[PDB]
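Analysis of the macromolecular model
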Amino acid sequence: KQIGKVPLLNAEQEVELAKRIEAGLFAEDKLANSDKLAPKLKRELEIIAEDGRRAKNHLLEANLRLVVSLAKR
DNA sequence: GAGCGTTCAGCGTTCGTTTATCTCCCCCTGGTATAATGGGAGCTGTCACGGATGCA
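Residues numbered from 1 in each chain as written, not as in the entry; some residues may be left out. Chains lettered and ligands numbered in written order. Part of a larger assembly, values for the part shown. Heavy atoms only, no water. Residues with missing side-chain atoms left out of burial classes, pairs and counts.

The name the PDB entry assigns to chain A is RNA polymerase principal sigma factor HrdB, from the organism Streptomyces coelicolor.

Written out as structure tokens, the structure is:
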């Protein structure tokens, strides 16, 4: 029941989700570096870093149905 | 003294010791790239008693 209705992903959708993972990955990478970046831009990178987190959880919750299928076996 | 008689002696002389090196399989971890996307499943009937808990 908890899985509920979450959108199953067609080809173009899930590839686009993967884009935002590495987009968010490069964002937090530069933020992880010690050199100074502008504060307003830093929040924009944080937006990309937050979106990368959102895109990760979106992908997992959609694919939760798959893992239960293989668990039956 | 002759000739050999007992018995410490400390000294070698390597053999005694325990102690130090050094080479190897179980055991644990990580990784596979067509696509695959919400369970089976086992029940059920004793009997009375009471008090909580729901609902007209």
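Re the pattern of salt bridges
Tallied over the entire structure, the rule returns 2 salt bridges. Among the ionic pairs, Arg 20 bridges to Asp 51, the shortest N-O distance being 3.0 Å. Of the two residues, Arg 20 sits in helix α1 (residues 11-32) while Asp 51 sits in helix α2 (residues 39-72), which places them 31 residues apart along the sequence. In this structure, the salt-bridge partner of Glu 50 is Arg 54, at a minimum N-O distance of 2.5 Å. One end of the pair, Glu 50, and the other, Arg 54, are both in helix α2, 4 residues apart, so they sit about a helical turn from each other. Note on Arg 54: relative accessible area 47%, which makes it partly exposed. (Salt bridge = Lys/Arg side-chain N within 4 Å of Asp/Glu carboxyl O. Helix = DSSP H or I, 4+ residues; strand = E, 2+ residues; numbered from the N terminus. Buried < 20%, exposed > 50% of the residue type's maximum accessible area, 1.4 Å probe, protein only.)

Focus: the protein's contact with DNA strand B
Around DNA strand B, a shell composed of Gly 4, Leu 8, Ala 62, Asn 63, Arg 65, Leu 66 and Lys 72 is seen. One of the side-chain nitrogen or oxygen atoms of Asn 63 is found 3.0 Å away from a base nitrogen of DNA strand B. Separating a base oxygen of DNA strand B from a backbone N or O atom of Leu 66 is a distance of 3.2 Å. Looking at the surface near DNA strand B, its residues break down into 3 nonpolar, 2 polar and 2 charged. (Near = heavy atom within 4 Å. Polar contact = N/O pair within 3.5 Å; in protein donor to acceptor, adjacent residues only side chain to side chain. Nonpolar A, V, L, I, M, F, W, Y, C, P; charged D, E, K, R; others polar.)

Considering the packing of α1 against α2
In the contact formed by α1 and α2, the axes pass within 8 Å of each other and the chain directions differ by 140 degrees. If you check the angle between α1 and α2, you find them oblique. As for the relative orientation of α1 and α2, their crossing is left-handed in sense. Mapping the contact onto sequence places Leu 17, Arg 20, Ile 21, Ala 23, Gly 24, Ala 27, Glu 28, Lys 30 and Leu 31 in α1 and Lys 42, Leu 45, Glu 46, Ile 48, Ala 49, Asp 51, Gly 52, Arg 54, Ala 55, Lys 56, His 58 and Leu 59 in α2. Looking at the contact of α1 with α2 residue by residue, the class counts come to 10 nonpolar, 3 polar and 8 charged. (Axes fitted to C-alpha atoms, helices over the stretch in contact; angles between N-to-C directions. Parallel < 35°, antiparallel > 145°, perpendicular 65-115°, else oblique. Left-handed = near helix turned anticlockwise from the far one by under 90°. Contact = heavy atoms within 4.5 Å.)

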